[PDB]
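Q: Handing you this structure, nothing more for now.
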Amino acid sequence: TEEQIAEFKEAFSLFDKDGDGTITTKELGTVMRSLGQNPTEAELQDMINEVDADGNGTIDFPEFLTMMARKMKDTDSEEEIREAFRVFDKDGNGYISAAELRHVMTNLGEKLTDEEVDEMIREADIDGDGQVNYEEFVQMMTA
Amino acid sequence: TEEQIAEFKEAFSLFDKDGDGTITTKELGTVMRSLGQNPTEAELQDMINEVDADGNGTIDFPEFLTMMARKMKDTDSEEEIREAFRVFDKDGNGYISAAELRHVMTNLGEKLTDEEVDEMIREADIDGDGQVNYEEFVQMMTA
Amino acid sequence: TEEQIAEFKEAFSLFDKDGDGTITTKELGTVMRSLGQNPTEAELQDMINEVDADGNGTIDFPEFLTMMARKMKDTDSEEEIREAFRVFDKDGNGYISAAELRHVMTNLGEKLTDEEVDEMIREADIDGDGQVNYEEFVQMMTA
Amino acid sequence: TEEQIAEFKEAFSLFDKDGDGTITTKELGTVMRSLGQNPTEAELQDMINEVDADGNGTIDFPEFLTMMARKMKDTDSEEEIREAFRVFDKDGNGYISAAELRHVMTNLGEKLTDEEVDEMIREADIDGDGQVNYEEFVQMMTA
Amino acid sequence: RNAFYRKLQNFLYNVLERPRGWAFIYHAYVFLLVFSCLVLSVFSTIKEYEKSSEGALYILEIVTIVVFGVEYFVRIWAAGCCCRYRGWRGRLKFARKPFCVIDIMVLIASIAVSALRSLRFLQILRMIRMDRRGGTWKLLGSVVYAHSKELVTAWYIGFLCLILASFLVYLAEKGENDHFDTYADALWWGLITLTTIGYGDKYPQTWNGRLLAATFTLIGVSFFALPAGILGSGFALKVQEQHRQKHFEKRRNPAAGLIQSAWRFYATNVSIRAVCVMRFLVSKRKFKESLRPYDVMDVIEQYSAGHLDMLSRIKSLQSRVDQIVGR
Amino acid sequence: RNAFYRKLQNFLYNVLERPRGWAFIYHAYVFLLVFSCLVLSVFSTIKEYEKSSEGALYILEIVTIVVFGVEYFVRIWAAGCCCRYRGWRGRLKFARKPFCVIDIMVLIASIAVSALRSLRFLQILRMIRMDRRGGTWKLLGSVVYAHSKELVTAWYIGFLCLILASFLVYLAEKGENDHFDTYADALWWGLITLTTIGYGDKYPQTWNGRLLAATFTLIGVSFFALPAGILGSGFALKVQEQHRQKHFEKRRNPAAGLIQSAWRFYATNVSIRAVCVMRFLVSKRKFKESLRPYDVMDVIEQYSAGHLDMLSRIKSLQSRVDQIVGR
Amino acid sequence: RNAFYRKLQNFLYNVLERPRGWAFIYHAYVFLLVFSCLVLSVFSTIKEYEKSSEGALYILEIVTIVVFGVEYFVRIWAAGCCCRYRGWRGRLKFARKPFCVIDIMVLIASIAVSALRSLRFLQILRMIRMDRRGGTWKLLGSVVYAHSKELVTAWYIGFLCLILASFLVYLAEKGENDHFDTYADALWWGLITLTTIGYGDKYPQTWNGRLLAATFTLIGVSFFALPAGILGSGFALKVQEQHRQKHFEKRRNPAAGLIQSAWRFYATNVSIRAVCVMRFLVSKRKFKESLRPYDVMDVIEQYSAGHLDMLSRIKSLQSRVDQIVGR
Amino acid sequence: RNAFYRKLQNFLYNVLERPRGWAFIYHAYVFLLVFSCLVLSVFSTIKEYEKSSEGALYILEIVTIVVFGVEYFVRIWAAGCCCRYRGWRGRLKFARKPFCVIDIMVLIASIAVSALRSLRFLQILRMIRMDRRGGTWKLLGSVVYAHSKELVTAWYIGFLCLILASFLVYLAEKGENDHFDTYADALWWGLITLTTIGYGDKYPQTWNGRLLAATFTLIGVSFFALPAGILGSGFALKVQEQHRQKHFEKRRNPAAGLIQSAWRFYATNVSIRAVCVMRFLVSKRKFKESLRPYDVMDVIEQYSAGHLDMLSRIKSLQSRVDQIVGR
Ligand SMILES: Nc1cc2c3c(cccc3c1NC(=O)c1ccc(F)cc1)CC2
Ligand SMILES: Nc1cc2c3c(cccc3c1NC(=O)c1ccc(F)cc1)CC2
Ligand SMILES: Nc1cc2c3c(cccc3c1NC(=O)c1ccc(F)cc1)CC2
Ligand SMILES: Nc1cc2c3c(cccc3c1NC(=O)c1ccc(F)cc1)CC2
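Residue numbers (the deposited numbering), protein chains in the order written: chain F, 6 to 148; chain D, 6 to 148; chain H, 6 to 148; chain B, 6 to 148; chain E, 70 to 182, 195 to 350, 538 to 595; chain C, 70 to 182, 195 to 350, 538 to 595; chain G, 70 to 182, 195 to 350, 538 to 595; chain A, 70 to 182, 195 to 350, 538 to 595.
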């Protein structure tokens, strides 16, 4: 909406320091450093290719707005996360214990704070069986 | 001709700083740096082997003159450039769009200025269909 | 026993400088340096995984005591050392000479001082045939 | 003979600076540097293993004397050099031109001065056909 | 005791559905059981052994029906382990599986039981149902598709050789040999000889025929044997590749990144959100790009990354030494 | 609407000429169509089924001629897409293609139609024309040439074994067996047994014959089966190599360099021109040297380049540390 | 002269038990010797050659018994080399070996000698005893297990093709052909044709039968030939792998570490002892982890270790240059 | 014109002796020429075609003798190119070559010509002489030796399966079937069926026989087909290895070092001499150690050298940064 468009434009302006409606790798890296994370050249180019549907290496405001328009369900990532968790479903029964889930989330792949995992278990322990399911999990996230 | 021989000798003298009629790798590198480009050891040795038909690592003036005597058609590169463009002929129909041509010329292999590609399209847009042909193209360049 | 428990606790206190009953990699490295040996990151992590049966990267006192409780026979390494020496049993007859034995002991794998190899031959030259056996050797080792 | 033994002992003394009748890698390297050549660790260890028939990494005087006692024919290298030159016998006819021989000797493998190749052709141009033979060559070499 | 109930349900589902270890013993047992029924039916076809074969086959088939019924019921019950098939709705959707409905048809027809012809057809149908997952068909199709061009080359040239040899031998033996009186008989001979079956019902007898048959067998036999060799080598090479790829198993970190990314994306519900969604995209791309190659391309890419990285470090050191030169 | 005209011409040329996807469906359809004609001819050869087979074959062959004519005309028309074949001159030069003239001969002879013998010959000729690109022949020849020495070893030793075994069995069975009355019959037996065809028309009966046949089959059968196995393994290994090489695909940058080099060379039309032509030579050599290996040789060369480069950097750092020592 | 006694005992144990070089000559000699007995028995079965075959077989078998007895006694005597089998207790435990008791049974039964049937059974038993180590069986089982899924695919689909083709040809040939009068005969034909044995006792004669037989041979023959090709390629690939792995041979240092570790552990008999036991654990893990992969996984791991090491050095250099910047 | 004389002598020696290109055309021509003599002899064996076959064979054999004589003389003359065979002494030593004396015997016996048996024997002898270098035999022996254990496994288990199946079928068919009246006949059947030759002269008829034959063919056929598959895969893998190793080709620098080392050693004719001889030893070891692996072991060794060298450089930089810290 109008508020969404205005806020997106403000975020883009904070992104594209050049002011020419073209978010480049350097500006993305600087804003990332301001946020705290350190993006590498590979990460920056992968991101730009992910967003750049034209191939010039820079993104215009409509492109950013349309990529942001994607919702949780519109991403059609249900299958992707389903198979990923299946990979993490060691037994394959459709459930995983709390301890192993915490270990895999905190200590493998991208390290993430304990507050986030605590929040996820809080918002996901619908039954609180320890061996919490992941199928209905991903269904509810995608919804 | 006599003028060609004299100009070739002047160019060689600018090349073989030693003055002994033997262009070495160091002199070629220095003249290339004067021209602006930076030739590496691999580039220099590949070049010298390309021109050195004897194997001593240095080129005498008759060798430079005879290698210069080659014309566009005498090079017999019609097949080489033809197959190269076929490699660049993604569809294989025999044509390629202006945008893809510009992208491949500027941003892949050796990066070259936009003026050169503008000139190539100017001298090659015989029909100006965007999907400009490359077969008659290479025929005309070889001629 | 009580004396064993007390001495184990003293050794652990010398190990876990933190004092929280959790021997970490840094403290193990520091005590190793005090002992003289220099442990690398790979060695330290392999050791911790060897002793860490929980996976938190630190060892509590009962874990140290129970791993120490293992005796020579309880290790069930008879087969392992048997096959290892068989690998070192070049001929495969079941024996090896004193010279080759010293060479392998002090010049391959982990270099070991001549005193240790001298002591091993002293406590192992039951028959003193030069081609000293290794089967009964390891049997007595495990006993 | 007695003169040979004395000269060998003098050469060894110049070699084994330690004076304990044990030429080590460091002393061999120092004498090599004095001679001008720079031996690497791989070269030094290969050398010592070649001369060390015991395995202690040092050579005693009788070992050096017996290795020196080997003559041209006793080396039984006739087959080795025969096959080597066959590898260098590009055509396989049994002969090679003077130019190719000079190129391979000077510019491939170990670089060696032009005086040595001039001397070899002087002492080897029995027929002086340019395509000088290598079989009778090596025959007279071993003799 | 719902905990033990669920544990047993999981164990039974593991056995009946995808097994890994000694559940293969049960699966082989039920196989052997149906295979015995097939063999006893074959013997029942013979008149002399009709009586005893039928006597045993009655009880063996009744046991087969009992075991198939109990197995099907236990399967439908144990499908509850998967949350997809829960309650009547989920379990009925499970019954929608093609092999479940095929198995139901099997029981219905068996209890209902051209009677012998129908029995043979249903025995074949049970045997095909044996797979229940399509693994064999998928593997064979994959290997055939991989070598499609080579198989087509073998087929094409071998078929041409068959046609040519059959016609030439027919020409050479049209009159002097009773076997090759029509081109169809010559083609039958060619197919039966190039396959190396060699029934011996037909074979050339004139010297023309024997000569041409020799020179064309020395080609057609190899061409007809090729596809078997090509597929065998393809299977062996694929096994070796699976063995190698089983080691590095690099699917872990991309999956962890993807799941953490999805969690963050759900938590994210303006620039911070943009970063969240872009990093989610990054995680998804990492996951898929890890899925795709799963081969030595990973090793080559890692080599390239390490190289370019070390070259960048070299540039950094060169800059530092230059700055020291200036200082 | 020349744009849509050209688009459709391109699509038809893609289908008729080199296809990639579902144009293979059309190609398989026309194949099956000609193959059906061949089979119906085979059945027409039989006297009993002569009537019905001929009745169907008349219409099937007329349909074949119609489809081949329409396809040939559409092919010659759609060859215009390639600028090589433009206008009457270009399209006539296209008709100069061997398979185009072969198709013309096929159509002319079919409309014109030893009548049955000629029909069989022309059916074979249509089938061979089916390829139209020589892909199968080229692939088979390549793989055979790659393993020429092994195939020749198998051929030579297997032929020697055949000759020796045939002669020995002939000696052992010259009198006591009706089959081996002449050396030619013994050779026929040897060829038919070592190929494992085993017609059974001839086989040793004396104990000498059976013993020698056993000890020489246990050699000749393997030797005669070798070429099939060698070629099958070669095909599978080649498939694996193509699969691997499909990944790195390092033909891009050399091609870009070469085309930009040629453009510059045309633009170049004295030292600057020397550099231009010399760099054109460099680009050409890069292109070919990328073309030649197309295998792990590239990977090893990249390793070597990275190594030597890092060693040079090491030397640079050593020089810098030495200069600091001096300072 | 106990030294020479032990040396000779070791040499004899080397020959009789695991040989490496020209003891294989003796083993092949004793093989040929028993194989000759088997062949002479086969000839003794024939009535015409009964007399001479029996005459030679008596002496050949007596020689076999003598050699087997002397070899068994020398084996039990020379087992003393291994310390495991020392004195009467150790040597009797050696006699507990399954092949030793089998060999004893062989001698006892032979000296004791359905007489001809028993002789044939014991000849087979001697032949199976020939192995005496299980190497062939272990190797075959290993390669079969490696390719279990592909072998099962071939078995399953080929068996389905056999059943289907046999039934279809039976239907097409039930009445018009004497061969296929019962489904069992059709199955016999299908098995004998898909294996390419082709006895020729049964073969289709109706056009339906020949057509179906053609289209189903063109599938079943390849399916039945597959397992041989799969196993052959597996064997060849395994040979290549053994040849490669024979080079790097990285079992030395882990073994030295393990043995020195055990020596120290025995010498160790509180923090010093903890270090001793922990380093012993480290040595054991090094030994096993070297044992496990024994393949290119080690090479990739070494690449990874070098890469991470060089990155760590890069970080150290960056820290140093930064500190110089500060200074 | 001794220069052109020597040039032509070299060309002729290249053609007659080891050829590379279109001299293979001449070699194939002389082959075809002798093979034609063999085939014409085969036809001469037949009574009906005796006259014409003999008429052609007389002239063909005379031409063969003429060509073989001229080729042998040209070979002995052109052996002069190699200095080893110079003058009468050298050329006579060349005639000492086994194939040269074999060729002389061939010529003498042919001019001299159980006449037909002798002719057949000498045709076989000419054919074996065809090789003249042992390349095929050496290659086959190498590949067999490489896979000796797998081949022995196949042989052993397949022979056991043959014996067991033959005996079981003999037991099941001793009385009810005319074919299996003696164990030797059953063994003949087993050998002929497991090889898939299937003459059809013997085949089981009792249900016991057919059942056992089925279950034992489903094993023996694969075992007997194995060796062919194993050897084929071995040959293909060896070809691939030769193709790969053809690239790196690192025999140059070690050879140059060795030859320069020998030259110096001759020039050397006390510490300087010690260095000279020791470096000659170094060069020899470099030559052989380059010769031995000739495989990926070279790549792994290069990796190890690079890793250790770069680690040493890392240590150097660490020392330098530490010294700067001190300064
Ligand atoms: N062997 C073999 C020879 C020939 C064939 C021809 C046409 C069609 C199939 C085959 C044919 N069949 C297979 O290759 C095959 C194997 C396995 C499978 F699953 C399907 C087909 C001409 C010659
Ligand atoms: N199989 C096989 C055995 C033997 C042969 C002999 C001579 C000539 C050809 C073959 C011969 N034919 C092929 O190897 C082949 C395969 C495929 C192809 F396209 C051409 C030839 C003696 C033994
Ligand atoms: N060849 C071959 C074909 C078929 C088989 C079928 C069922 C069972 C075995 C085989 C069967 N036997 C082996 O594959 C084999 C080889 C070697 C060995 F040791 C054991 C079994 C259907 C088709
Ligand atoms: N095929 C095959 C099967 C069997 C054999 C047996 C014993 C001996 C040889 C073979 C035997 N012969 C070879 O494997 C072979 C191949 C090539 C060559 F050059 C020599 C021998 C039992 C089963």
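All residues carry an ideal CB built from backbone N, CA and C; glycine is no exception.
1. For ligand 3, I want to know if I278(E) counts as a neighbour, meaning its beta carbon is within less than 7 Å of at least one of the ligand's heavy atoms.
2. In terms of residues, what are the limits of the alpha helix (DSSP H) holding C242(C)?
3. For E120(H), tell me which candidate among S580(G), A348(G), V567(G), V224(G) has the shortest Cα-Cα distance.
4. Look at the alpha carbon of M174(G) and the alpha carbon of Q144(H), and state the distance between them as a whole number of angstroms.
5. Measure the alpha-carbon distance for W157(C) versus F240(E) and round it to whole angstroms.
6. Going along the chain, which residues of its own chain have a beta-carbon closer than 8 Å to the beta-carbon of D57(H), five neighbours each way excluded?
7. How far does the alpha helix (DSSP H) with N112(H) in it extend, from its first residue to its last?
8. How about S82(F): is its C-beta nearer than 8 Å to some C-beta of chain E?
9. Can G239(E) be considered in contact with ligand 1, in the sense that its beta carbon sits closer than 7 Å to one or more heavy atoms?
10. Against chain B, does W344(A) count as a neighbour if the rule is that its beta carbon must be under 8 Å from one of theirs?
11. Could you give the distance in angstroms between the alpha-carbon of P44(D) and the alpha-carbon of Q50(D)?
12. Hey, is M546(E)'s beta-carbon within less than 8 Å of any beta-carbon in chain F?
13. When you check each C-beta in the segment 297-308 of chain C against every C-beta of chain E, which residues fall closer than 9 Å?
14. With a threshold of 8 Å on Cβ separation, who are the neighbours of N258(E) within its own chain once the five nearest residues in sequence on each side are excluded?
15. Kindly list the residues whose CB is nearer than 7 Å to the CB of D21(B), restricted to its own chain and excluding five residues on each side of it in sequence; keep chain order.
16. Mind checking which residues open and close the alpha helix (DSSP H) that includes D57(H)?
17. Does the segment 106-126 of chain A come within contact of the segment 251-266 of chain C, defined as at least 3 CB pairs closer than 8 Å?
18. In chain B, what lies closer than 9 Å to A542(A) by C-beta?
19. Judging by CA-CA distance, which residue of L299(A), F163(A), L252(A) is the nearest neighbour of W269(G)?
20. In angstroms, rounded to a whole number, what distance separates the CA positions of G313(A) and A309(G)?
21. Ligand 2 and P335(E): does any heavy atom of the ligand fall closer than 7 Å to the residue's C-beta?
22. Report the CB separation of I311(G) from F93(H) in whole angstroms; it is logged as a contact under 8 Å.
23. Which residues in chain C have a C-beta closer than 8 Å to the C-beta of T234(G)? List them in chain order.
24. From the DSSP output, in three-state form, read off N138(F) for me.
25. Compare the C-beta of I145(A) against all C-beta atoms of chain C and say whether one is closer than 8 Å.
A: In short:
1. Every heavy atom of ligand 3 is 7 Å or more from the Cβ of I278(E), so no.
2. Residues 229-254.
3. Checked all of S580(G), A348(G), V567(G), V224(G); the closest Cα to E120(H) is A348(G).
4. Their Cα atoms are separated by approximately 34 Å.
5. Using only the alpha carbons, I get a separation of about 38 Å.
6. Here the set comprises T63, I64, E68.
7. 103-112
8. yes
9. yes
10. yes
11. 10 Å
12. yes
13. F305, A306, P308
14. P285, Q286, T287, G290
15. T27, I28, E32
16. That residue, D57(H), is in no alpha helix (DSSP H); it is neither H nor E in DSSP.
17. yes
18. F13, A16, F17, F20, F69, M72, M73
19. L299(A)
20. Each residue's alpha carbon lies about 12 Å from the other.
21. no
22. At roughly 39 Å, the Cβ-Cβ gap does not stay under 8 Å, so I311(G) and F93(H) are not in contact.
23. Ordered by position in chain C, no residue passes the 8 Å Cβ test against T234(G), which lies about 16 Å from the chain.
24. strand
25. Taking a beta-carbon distance threshold of 8 Å, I145(A) does not count as an interface residue toward chain C.
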